[PDB]
file run_11.pdb (PDB, C-alpha atoms and all ligand atoms)
ATOM      1  CA  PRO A   1       7.233  -3.914   8.155  1.00  0.00           C
ATOM      2  CA  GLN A   2       7.764  -6.844   5.789  1.00  0.00           C
ATOM      3  CA  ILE A   3       4.789  -7.861   3.663  1.00  0.00           C
ATOM      4  CA  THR A   4       4.826 -11.202   1.927  1.00  0.00           C
ATOM      5  CA  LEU A   5       2.880 -11.726  -1.259  1.00  0.00           C
ATOM      6  CA  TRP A   6       1.018 -14.956  -0.562  1.00  0.00           C
ATOM      7  CA  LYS A   7      -2.118 -12.828  -0.246  1.00  0.00           C
ATOM      8  CA  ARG A   8      -3.071  -9.505  -1.882  1.00  0.00           C
ATOM      9  CA  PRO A   9      -0.823  -6.704   0.034  1.00  0.00           C
ATOM     10  CA  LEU A  10      -3.761  -4.873   1.571  1.00  0.00           C
ATOM     11  CA  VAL A  11      -3.142  -2.239   4.228  1.00  0.00           C
ATOM     12  CA  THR A  12      -5.136   0.376   6.112  1.00  0.00           C
ATOM     13  CA  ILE A  13      -4.813   3.973   4.922  1.00  0.00           C
ATOM     14  CA  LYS A  14      -6.155   7.260   6.241  1.00  0.00           C
ATOM     15  CA  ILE A  15      -7.252   9.872   3.713  1.00  0.00           C
ATOM     16  CA  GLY A  16      -9.570  12.890   3.845  1.00  0.00           C
ATOM     17  CA  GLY A  17     -10.327  11.958   7.437  1.00  0.00           C
ATOM     18  CA  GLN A  18     -11.432   8.396   6.575  1.00  0.00           C
ATOM     19  CA  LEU A  19      -9.971   4.913   6.977  1.00  0.00           C
ATOM     20  CA  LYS A  20      -9.889   2.585   3.972  1.00  0.00           C
ATOM     21  CA  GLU A  21      -8.202  -0.605   2.785  1.00  0.00           C
ATOM     22  CA  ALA A  22      -5.796  -0.269  -0.142  1.00  0.00           C
ATOM     23  CA  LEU A  23      -3.405  -2.329  -2.245  1.00  0.00           C
ATOM     24  CA  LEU A  24       0.346  -1.668  -2.153  1.00  0.00           C
ATOM     25  CA  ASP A  25       0.976  -1.795  -5.877  1.00  0.00           C
ATOM     26  CA  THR A  26       4.422  -1.614  -7.452  1.00  0.00           C
ATOM     27  CA  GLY A  27       2.868  -1.905 -10.927  1.00  0.00           C
ATOM     28  CA  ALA A  28       0.916   1.340 -10.513  1.00  0.00           C
ATOM     29  CA  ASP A  29       2.661   4.580 -11.396  1.00  0.00           C
ATOM     30  CA  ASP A  30      -0.149   6.571  -9.719  1.00  0.00           C
ATOM     31  CA  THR A  31      -2.457   6.161  -6.729  1.00  0.00           C
ATOM     32  CA  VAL A  32      -6.120   5.507  -7.549  1.00  0.00           C
ATOM     33  CA  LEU A  33      -8.874   5.527  -4.940  1.00  0.00           C
ATOM     34  CA  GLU A  34     -12.542   4.508  -4.949  1.00  0.00           C
ATOM     35  CA  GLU A  35     -15.149   7.160  -5.605  1.00  0.00           C
ATOM     36  CA  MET A  36     -14.978   9.659  -2.727  1.00  0.00           C
ATOM     37  CA  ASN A  37     -16.056  13.268  -2.369  1.00  0.00           C
ATOM     38  CA  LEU A  38     -12.829  15.128  -1.598  1.00  0.00           C
ATOM     39  CA  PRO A  39     -12.780  18.935  -1.161  1.00  0.00           C
ATOM     40  CA  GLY A  40     -10.868  21.237  -3.441  1.00  0.00           C
ATOM     41  CA  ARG A  41     -10.118  21.624  -7.116  1.00  0.00           C
ATOM     42  CA  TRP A  42      -9.318  18.695  -9.399  1.00  0.00           C
ATOM     43  CA  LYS A  43      -8.504  17.946 -13.050  1.00  0.00           C
ATOM     44  CA  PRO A  44      -9.953  15.242 -15.314  1.00  0.00           C
ATOM     45  CA  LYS A  45      -7.652  12.405 -16.301  1.00  0.00           C
ATOM     46  CA  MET A  46      -7.892   8.968 -17.916  1.00  0.00           C
ATOM     47  CA  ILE A  47      -5.792   6.025 -16.763  1.00  0.00           C
ATOM     48  CA  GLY A  48      -5.446   2.699 -18.506  1.00  0.00           C
ATOM     49  CA  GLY A  49      -4.638  -0.883 -17.671  1.00  0.00           C
ATOM     50  CA  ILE A  50      -5.938  -4.325 -18.463  1.00  0.00           C
ATOM     51  CA  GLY A  51      -9.361  -3.936 -20.023  1.00  0.00           C
ATOM     52  CA  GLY A  52      -8.903  -0.317 -21.088  1.00  0.00           C
ATOM     53  CA  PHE A  53      -9.293   3.088 -19.452  1.00  0.00           C
ATOM     54  CA  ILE A  54     -11.290   4.735 -16.671  1.00  0.00           C
ATOM     55  CA  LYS A  55     -12.078   8.414 -16.092  1.00  0.00           C
ATOM     56  CA  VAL A  56     -10.718   9.806 -12.825  1.00  0.00           C
ATOM     57  CA  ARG A  57     -10.425  13.123 -10.982  1.00  0.00           C
ATOM     58  CA  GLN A  58      -6.852  14.197 -10.217  1.00  0.00           C
ATOM     59  CA  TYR A  59      -6.303  15.875  -6.845  1.00  0.00           C
ATOM     60  CA  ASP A  60      -2.906  17.301  -5.928  1.00  0.00           C
ATOM     61  CA  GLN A  61      -1.083  17.539  -2.599  1.00  0.00           C
ATOM     62  CA  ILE A  62      -3.320  15.091  -0.754  1.00  0.00           C
ATOM     63  CA  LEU A  63      -2.182  13.664   2.587  1.00  0.00           C
ATOM     64  CA  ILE A  64      -2.411   9.895   3.038  1.00  0.00           C
ATOM     65  CA  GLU A  65      -1.266   7.934   6.079  1.00  0.00           C
ATOM     66  CA  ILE A  66      -0.202   4.402   5.081  1.00  0.00           C
ATOM     67  CA  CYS A  67       0.228   2.110   8.090  1.00  0.00           C
ATOM     68  CA  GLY A  68       1.328   5.076  10.182  1.00  0.00           C
ATOM     69  CA  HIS A  69       3.676   6.475   7.522  1.00  0.00           C
ATOM     70  CA  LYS A  70       2.713   9.864   6.058  1.00  0.00           C
ATOM     71  CA  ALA A  71       2.832  10.709   2.338  1.00  0.00           C
ATOM     72  CA  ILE A  72       1.710  13.720   0.319  1.00  0.00           C
ATOM     73  CA  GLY A  73       1.023  13.653  -3.379  1.00  0.00           C
ATOM     74  CA  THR A  74      -1.340  13.282  -6.278  1.00  0.00           C
ATOM     75  CA  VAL A  75      -4.396  11.086  -5.744  1.00  0.00           C
ATOM     76  CA  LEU A  76      -6.718   9.941  -8.534  1.00  0.00           C
ATOM     77  CA  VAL A  77     -10.365   9.336  -7.656  1.00  0.00           C
ATOM     78  CA  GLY A  78     -12.758   7.305  -9.712  1.00  0.00           C
ATOM     79  CA  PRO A  79     -14.651   4.100 -10.292  1.00  0.00           C
ATOM     80  CA  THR A  80     -11.709   1.813  -9.629  1.00  0.00           C
ATOM     81  CA  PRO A  81     -12.586  -1.686  -8.379  1.00  0.00           C
ATOM     82  CA  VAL A  82      -9.920  -1.484  -5.642  1.00  0.00           C
ATOM     83  CA  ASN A  83      -8.003   1.261  -3.835  1.00  0.00           C
ATOM     84  CA  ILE A  84      -4.457   1.267  -5.230  1.00  0.00           C
ATOM     85  CA  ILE A  85      -1.375   2.838  -3.631  1.00  0.00           C
ATOM     86  CA  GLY A  86       1.073   3.530  -6.452  1.00  0.00           C
ATOM     87  CA  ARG A  87       4.745   4.335  -6.715  1.00  0.00           C
ATOM     88  CA  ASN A  88       4.244   8.095  -6.313  1.00  0.00           C
ATOM     89  CA  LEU A  89       3.324   7.451  -2.674  1.00  0.00           C
ATOM     90  CA  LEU A  90       5.199   4.166  -2.068  1.00  0.00           C
ATOM     91  CA  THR A  91       8.540   5.950  -2.627  1.00  0.00           C
ATOM     92  CA  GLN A  92       7.605   8.425   0.112  1.00  0.00           C
ATOM     93  CA  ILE A  93       7.177   5.738   2.729  1.00  0.00           C
ATOM     94  CA  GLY A  94      10.470   4.155   1.667  1.00  0.00           C
ATOM     95  CA  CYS A  95       8.903   0.985   0.272  1.00  0.00           C
ATOM     96  CA  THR A  96      11.203  -1.399  -1.583  1.00  0.00           C
ATOM     97  CA  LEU A  97      10.891  -4.781  -3.269  1.00  0.00           C
ATOM     98  CA  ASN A  98      13.318  -7.396  -1.959  1.00  0.00           C
ATOM     99  CA  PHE A  99      14.193 -10.829  -3.364  1.00  0.00           C
TER     100      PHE A  99
ATOM    101  CA  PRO B   1      18.380  -7.258  -4.659  1.00  0.00           C
ATOM    102  CA  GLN B   2      16.644  -4.271  -3.047  1.00  0.00           C
ATOM    103  CA  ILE B   3      14.585  -2.395  -5.675  1.00  0.00           C
ATOM    104  CA  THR B   4      13.392   1.135  -4.992  1.00  0.00           C
ATOM    105  CA  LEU B   5      10.342   2.547  -6.710  1.00  0.00           C
ATOM    106  CA  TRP B   6      11.326   5.944  -8.162  1.00  0.00           C
ATOM    107  CA  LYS B   7      11.371   4.243 -11.557  1.00  0.00           C
ATOM    108  CA  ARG B   8       9.111   1.459 -12.831  1.00  0.00           C
ATOM    109  CA  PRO B   9      10.489  -1.894 -11.492  1.00  0.00           C
ATOM    110  CA  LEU B  10      11.323  -3.346 -14.891  1.00  0.00           C
ATOM    111  CA  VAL B  11      13.378  -6.508 -15.100  1.00  0.00           C
ATOM    112  CA  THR B  12      14.628  -8.843 -17.776  1.00  0.00           C
ATOM    113  CA  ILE B  13      12.886 -12.192 -17.928  1.00  0.00           C
ATOM    114  CA  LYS B  14      13.607 -15.333 -19.942  1.00  0.00           C
ATOM    115  CA  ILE B  15      10.648 -17.358 -21.213  1.00  0.00           C
ATOM    116  CA  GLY B  16      10.347 -19.887 -24.011  1.00  0.00           C
ATOM    117  CA  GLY B  17      14.050 -19.284 -24.483  1.00  0.00           C
ATOM    118  CA  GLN B  18      13.595 -15.584 -25.304  1.00  0.00           C
ATOM    119  CA  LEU B  19      14.488 -12.499 -23.280  1.00  0.00           C
ATOM    120  CA  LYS B  20      11.766  -9.939 -22.536  1.00  0.00           C
ATOM    121  CA  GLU B  21      11.242  -6.952 -20.260  1.00  0.00           C
ATOM    122  CA  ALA B  22       8.544  -7.104 -17.580  1.00  0.00           C
ATOM    123  CA  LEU B  23       7.161  -5.106 -14.646  1.00  0.00           C
ATOM    124  CA  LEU B  24       7.233  -6.549 -11.137  1.00  0.00           C
ATOM    125  CA  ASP B  25       3.649  -5.935 -10.062  1.00  0.00           C
ATOM    126  CA  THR B  26       2.493  -6.572  -6.489  1.00  0.00           C
ATOM    127  CA  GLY B  27      -1.054  -5.556  -7.357  1.00  0.00           C
ATOM    128  CA  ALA B  28      -1.367  -8.340  -9.888  1.00  0.00           C
ATOM    129  CA  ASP B  29      -2.497 -11.733  -8.633  1.00  0.00           C
ATOM    130  CA  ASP B  30      -1.453 -13.305 -11.980  1.00  0.00           C
ATOM    131  CA  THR B  31       1.375 -12.948 -14.549  1.00  0.00           C
ATOM    132  CA  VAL B  32       0.197 -11.503 -17.885  1.00  0.00           C
ATOM    133  CA  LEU B  33       2.433 -11.183 -20.944  1.00  0.00           C
ATOM    134  CA  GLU B  34       1.805  -9.486 -24.262  1.00  0.00           C
ATOM    135  CA  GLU B  35       1.069 -11.631 -27.326  1.00  0.00           C
ATOM    136  CA  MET B  36       3.895 -14.079 -28.031  1.00  0.00           C
ATOM    137  CA  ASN B  37       4.365 -17.639 -29.264  1.00  0.00           C
ATOM    138  CA  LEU B  38       4.742 -20.077 -26.361  1.00  0.00           C
ATOM    139  CA  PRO B  39       5.119 -23.861 -26.712  1.00  0.00           C
ATOM    140  CA  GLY B  40       2.660 -26.078 -24.887  1.00  0.00           C
ATOM    141  CA  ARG B  41      -1.057 -26.618 -24.474  1.00  0.00           C
ATOM    142  CA  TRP B  42      -3.157 -23.659 -23.349  1.00  0.00           C
ATOM    143  CA  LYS B  43      -6.762 -22.987 -22.372  1.00  0.00           C
ATOM    144  CA  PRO B  44      -8.964 -19.907 -22.888  1.00  0.00           C
ATOM    145  CA  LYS B  45      -9.336 -17.796 -19.753  1.00  0.00           C
ATOM    146  CA  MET B  46     -10.670 -14.379 -18.785  1.00  0.00           C
ATOM    147  CA  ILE B  47      -8.925 -11.888 -16.507  1.00  0.00           C
ATOM    148  CA  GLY B  48     -10.130  -8.537 -15.153  1.00  0.00           C
ATOM    149  CA  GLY B  49      -8.218  -5.323 -14.611  1.00  0.00           C
ATOM    150  CA  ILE B  50      -8.867  -1.700 -13.942  1.00  0.00           C
ATOM    151  CA  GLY B  51     -10.681  -1.221 -17.252  1.00  0.00           C
ATOM    152  CA  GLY B  52     -12.646  -4.446 -17.491  1.00  0.00           C
ATOM    153  CA  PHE B  53     -12.076  -8.000 -18.658  1.00  0.00           C
ATOM    154  CA  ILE B  54      -9.897  -9.444 -21.392  1.00  0.00           C
ATOM    155  CA  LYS B  55      -9.524 -12.867 -23.009  1.00  0.00           C
ATOM    156  CA  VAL B  56      -6.158 -14.576 -22.482  1.00  0.00           C
ATOM    157  CA  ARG B  57      -4.452 -17.885 -23.218  1.00  0.00           C
ATOM    158  CA  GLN B  58      -3.552 -19.727 -20.005  1.00  0.00           C
ATOM    159  CA  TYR B  59      -0.295 -21.719 -20.113  1.00  0.00           C
ATOM    160  CA  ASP B  60       0.316 -23.895 -17.065  1.00  0.00           C
ATOM    161  CA  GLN B  61       3.611 -24.918 -15.451  1.00  0.00           C
ATOM    162  CA  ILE B  62       5.800 -22.679 -17.639  1.00  0.00           C
ATOM    163  CA  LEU B  63       9.476 -22.140 -16.901  1.00  0.00           C
ATOM    164  CA  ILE B  64      10.342 -18.455 -16.525  1.00  0.00           C
ATOM    165  CA  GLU B  65      13.574 -16.904 -15.252  1.00  0.00           C
ATOM    166  CA  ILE B  66      13.257 -13.506 -13.553  1.00  0.00           C
ATOM    167  CA  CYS B  67      16.610 -11.769 -13.085  1.00  0.00           C
ATOM    168  CA  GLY B  68      18.165 -15.202 -12.929  1.00  0.00           C
ATOM    169  CA  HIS B  69      15.692 -16.600 -10.378  1.00  0.00           C
ATOM    170  CA  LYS B  70      13.737 -19.578 -11.668  1.00  0.00           C
ATOM    171  CA  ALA B  71       9.984 -19.865 -11.367  1.00  0.00           C
ATOM    172  CA  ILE B  72       7.588 -22.440 -12.806  1.00  0.00           C
ATOM    173  CA  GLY B  73       3.943 -21.522 -12.915  1.00  0.00           C
ATOM    174  CA  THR B  74       0.975 -20.130 -14.761  1.00  0.00           C
ATOM    175  CA  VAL B  75       1.499 -17.519 -17.474  1.00  0.00           C
ATOM    176  CA  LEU B  76      -1.375 -15.704 -19.182  1.00  0.00           C
ATOM    177  CA  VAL B  77      -0.813 -14.330 -22.689  1.00  0.00           C
ATOM    178  CA  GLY B  78      -3.055 -11.615 -24.088  1.00  0.00           C
ATOM    179  CA  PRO B  79      -3.601  -7.914 -24.709  1.00  0.00           C
ATOM    180  CA  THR B  80      -2.110  -6.442 -21.565  1.00  0.00           C
ATOM    181  CA  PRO B  81      -0.622  -2.941 -21.859  1.00  0.00           C
ATOM    182  CA  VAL B  82       2.752  -4.177 -20.517  1.00  0.00           C
ATOM    183  CA  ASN B  83       4.276  -7.504 -19.450  1.00  0.00           C
ATOM    184  CA  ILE B  84       3.530  -7.958 -15.759  1.00  0.00           C
ATOM    185  CA  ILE B  85       4.918 -10.407 -13.227  1.00  0.00           C
ATOM    186  CA  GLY B  86       2.232 -11.111 -10.629  1.00  0.00           C
ATOM    187  CA  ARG B  87       2.209 -12.572  -7.145  1.00  0.00           C
ATOM    188  CA  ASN B  88       1.913 -16.137  -8.418  1.00  0.00           C
ATOM    189  CA  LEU B  89       5.542 -15.893  -9.575  1.00  0.00           C
ATOM    190  CA  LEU B  90       6.816 -13.174  -7.207  1.00  0.00           C
ATOM    191  CA  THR B  91       6.217 -15.559  -4.339  1.00  0.00           C
ATOM    192  CA  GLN B  92       8.338 -18.262  -5.993  1.00  0.00           C
ATOM    193  CA  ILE B  93      11.343 -15.976  -6.256  1.00  0.00           C
ATOM    194  CA  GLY B  94      10.969 -14.878  -2.650  1.00  0.00           C
ATOM    195  CA  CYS B  95       9.843 -11.292  -3.204  1.00  0.00           C
ATOM    196  CA  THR B  96       8.568  -9.185  -0.295  1.00  0.00           C
ATOM    197  CA  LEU B  97       7.597  -5.567   0.205  1.00  0.00           C
ATOM    198  CA  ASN B  98       9.481  -3.722   2.917  1.00  0.00           C
ATOM    199  CA  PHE B  99       9.113  -0.272   4.454  1.00  0.00           C
TER     200      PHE B  99
HETATM  201  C1  LIG A 101     -12.799  -6.113  -7.426  1.00  0.00           C
HETATM  202  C2  LIG A 101     -11.749  -6.722  -8.431  1.00  0.00           C
HETATM  203  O1  LIG A 101     -12.202  -6.411  -9.711  1.00  0.00           O
HETATM  204  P1  LIG A 101     -11.472  -7.030 -11.071  1.00  0.00           P
HETATM  205  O2  LIG A 101     -11.155  -8.436 -10.839  1.00  0.00           O
HETATM  206  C3  LIG A 101      -9.900  -6.063 -11.264  1.00  0.00           C
HETATM  207  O3  LIG A 101      -9.535  -5.675  -9.954  1.00  0.00           O
HETATM  208  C4  LIG A 101      -8.220  -5.130  -9.943  1.00  0.00           C
HETATM  209  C5  LIG A 101      -7.158  -5.564  -8.981  1.00  0.00           C
HETATM  210  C6  LIG A 101      -5.811  -4.947  -9.017  1.00  0.00           C
HETATM  211  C7  LIG A 101      -5.493  -3.902 -10.019  1.00  0.00           C
HETATM  212  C8  LIG A 101      -4.072  -3.316 -10.029  1.00  0.00           C
HETATM  213  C9  LIG A 101      -3.488  -3.727 -11.320  1.00  0.00           C
HETATM  214  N1  LIG A 101      -3.396  -5.196 -11.438  1.00  0.00           N
HETATM  215  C10 LIG A 101      -3.969  -5.990 -12.515  1.00  0.00           C
HETATM  216  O4  LIG A 101      -4.442  -5.496 -13.532  1.00  0.00           O
HETATM  217  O5  LIG A 101      -3.911  -7.404 -12.206  1.00  0.00           O
HETATM  218  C11 LIG A 101      -4.603  -8.257 -13.123  1.00  0.00           C
HETATM  219  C12 LIG A 101      -3.521  -9.413 -13.387  1.00  0.00           C
HETATM  220  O6  LIG A 101      -3.679 -10.173 -11.998  1.00  0.00           O
HETATM  221  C13 LIG A 101      -4.989 -10.039 -11.594  1.00  0.00           C
HETATM  222  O7  LIG A 101      -5.110  -9.776 -10.281  1.00  0.00           O
HETATM  223  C14 LIG A 101      -5.776  -8.342 -10.116  1.00  0.00           C
HETATM  224  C15 LIG A 101      -6.274  -7.968 -11.568  1.00  0.00           C
HETATM  225  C16 LIG A 101      -5.658  -8.772 -12.471  1.00  0.00           C
HETATM  226  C17 LIG A 101      -2.018  -3.361 -11.486  1.00  0.00           C
HETATM  227  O8  LIG A 101      -1.345  -3.727 -10.340  1.00  0.00           O
HETATM  228  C18 LIG A 101      -1.826  -1.844 -11.739  1.00  0.00           C
HETATM  229  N2  LIG A 101      -2.322  -1.531 -13.121  1.00  0.00           N
HETATM  230  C19 LIG A 101      -1.271  -1.136 -14.079  1.00  0.00           C
HETATM  231  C20 LIG A 101      -0.629  -2.424 -14.700  1.00  0.00           C
HETATM  232  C21 LIG A 101       0.557  -2.000 -15.618  1.00  0.00           C
HETATM  233  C22 LIG A 101      -1.658  -3.275 -15.421  1.00  0.00           C
HETATM  234  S1  LIG A 101      -3.718  -0.529 -13.158  1.00  0.00           S
HETATM  235  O9  LIG A 101      -4.601  -0.872 -11.860  1.00  0.00           O
HETATM  236  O10 LIG A 101      -4.266  -0.839 -14.614  1.00  0.00           O
HETATM  237  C23 LIG A 101      -3.166   1.161 -12.933  1.00  0.00           C
HETATM  238  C24 LIG A 101      -3.102   1.723 -11.541  1.00  0.00           C
HETATM  239  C25 LIG A 101      -2.616   3.132 -11.373  1.00  0.00           C
HETATM  240  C26 LIG A 101      -2.194   3.874 -12.628  1.00  0.00           C
HETATM  241  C27 LIG A 101      -2.314   3.266 -13.976  1.00  0.00           C
HETATM  242  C28 LIG A 101      -2.768   1.861 -14.154  1.00  0.00           C
HETATM  243  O11 LIG A 101      -1.894   4.198 -14.937  1.00  0.00           O
HETATM  244  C29 LIG A 101      -1.276   5.172 -14.228  1.00  0.00           C
HETATM  245  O12 LIG A 101      -1.741   5.053 -12.776  1.00  0.00           O
HETATM  246  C30 LIG A 101      -6.551  -3.462 -11.017  1.00  0.00           C
HETATM  247  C31 LIG A 101      -7.890  -4.083 -10.959  1.00  0.00           C
HETATM  248  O13 LIG A 101     -12.368  -6.830 -12.434  1.00  0.00           O
HETATM  249  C32 LIG A 101     -12.895  -5.540 -12.705  1.00  0.00           C
HETATM  250  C33 LIG A 101     -13.222  -5.450 -14.170  1.00  0.00           C
END

call {"tool": "encode", "arguments": {"input": "run_11.pdb", "output": "structure tokens", "more": "lines below"}}
Ligand SMILES: CCOP(=O)(COc1ccc(C[C@H](NC(=O)O[C@H]2CO[C@H]3OCC[C@H]32)[C@H](O)CN(CC(C)C)S(=O)(=O)c2ccc3c(c2)OCO3)cc1)OCC
result
Amino acid sequence: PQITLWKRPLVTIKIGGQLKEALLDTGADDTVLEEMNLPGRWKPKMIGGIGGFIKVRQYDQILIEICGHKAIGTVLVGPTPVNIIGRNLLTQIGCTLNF
Amino acid sequence: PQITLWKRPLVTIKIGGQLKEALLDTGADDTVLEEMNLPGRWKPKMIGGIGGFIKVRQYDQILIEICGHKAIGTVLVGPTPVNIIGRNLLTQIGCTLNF
């Protein structure tokens, strides 16, 4: 679809068998999701933005459905204030910015 | 234009008469620029990101040209990791997300 930016670009996603709301975020290189107990191995990582860094768990090859579009890639899990869909998955659903 | 997301969506902006590089960021409500000298009155403000809150200088009704599209709105200056164009100005230049 076409999403305008008058309001925060929040969409429904499906991950690990669960439905969540998440932000379509062109400023995020990576996808960062709220604390969740996902199965499988993971690696520690730190990611930074305004205000400094947070500690996250990096899971690879995770399937996410974003408004009915499927994507597979790295997902970071940690104490983020909002679920963020970053460029690593936005490219997979063919998301572009248009002005 | 149509901007894909395999690379960071960096664009040239003009503000206070000077050219800078900035990231088009749909997950930012507000536009935040690194420390710079800007003419005009400003007020102290606080803004929160993934890592917590920072102190910024809020400049109101500032002229900013984003890839040759004019916007006039609020610009926050402070210790952001990178210059970010947020929805407050993305909406003025007519930006949407499409997939
Ligand atoms: C419940 C609300 O809590 P909150 O208010 C804060 O919530 C938040 C809302 C949105 C976001 C998304 C973030 N936007 C932002 O910082 O926007 C601010 C300017 O406009 C305002 O509007 C929103 C916040 C204000 C950017 O889009 C993306 N970021 C990178 C940018 C270059 C900075 S990233 O998230 O740092 C990040 C993500 C994935 C990565 C990574 C870094 O590195 C590699 O992978 C963060 C927090 O306070 C809590 C203390």

call {"tool": "resolve_selection", "arguments": {"input": "run_11.pdb", "expression": "the PyMOL selection byres (((chain A and resi 60) around 10) and not hetatm)", "output": "PyMOL selection string"}}
result
chain A and resi 40-43+57-59+61-63+72-76

call {"tool": "residues_near_point", "arguments": {"input": "run_11.pdb", "point": "(0.3, -15.2, -9.3)", "cutoff": "12 Å", "atoms": "all atoms listed in the file", "output": "number ranges by chain"}}
result
A: 5-8; B: 24-32, 60-61, 71-76, 84-93, 95

call {"tool": "axis_aligned_box", "arguments": {"input": "run_11.pdb", "around": "ligand LIG 101 (chain A)", "padding_each_side": "5 Å", "output": "lines of an AutoDock Vina configuration file"}}
result
center_x = -6.3
center_y = -2.5
center_z = -11.5
size_x = 23.8
size_y = 25.3
size_z = 18.2

call {"tool": "closest_residue", "arguments": {"input": "run_11.pdb", "among": "A:97, A:47, A:23, A:64", "to": "residue 9 in chain B", "atoms": "all atoms listed in the file"}}
result
A:97

call {"tool": "closest_residue", "arguments": {"input": "run_11.pdb", "among": "B:56, B:66, B:96, B:14", "to": "ligand LIG 101 (chain A)", "atoms": "only C-alpha atoms and all ligand atoms"}}
result
B:56

call {"tool": "closest_residue", "arguments": {"input": "run_11.pdb", "among": "A:22, A:10, A:77, A:3", "to": "residue 44 in chain A", "atoms": "only C-alpha atoms"}}
result
A:77

call {"tool": "closest_residue", "arguments": {"input": "run_11.pdb", "among": "B:45, B:52, B:80, B:69", "to": "ligand LIG 101 (chain A)", "atoms": "all atoms listed in the file"}}
result
B:52

call {"tool": "atom_distance", "arguments": {"input": "run_11.pdb", "atom1": "atom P1 of ligand LIG 101 (chain A)", "atom2": "CA of residue 13 in chain A"}}
result
20.5 Å

call {"tool": "closest_residue", "arguments": {"input": "run_11.pdb", "among": "B:38, B:19, B:67, B:33", "to": "ligand LIG 101 (chain A)", "atoms": "only C-alpha atoms and all ligand atoms"}}
result
B:33
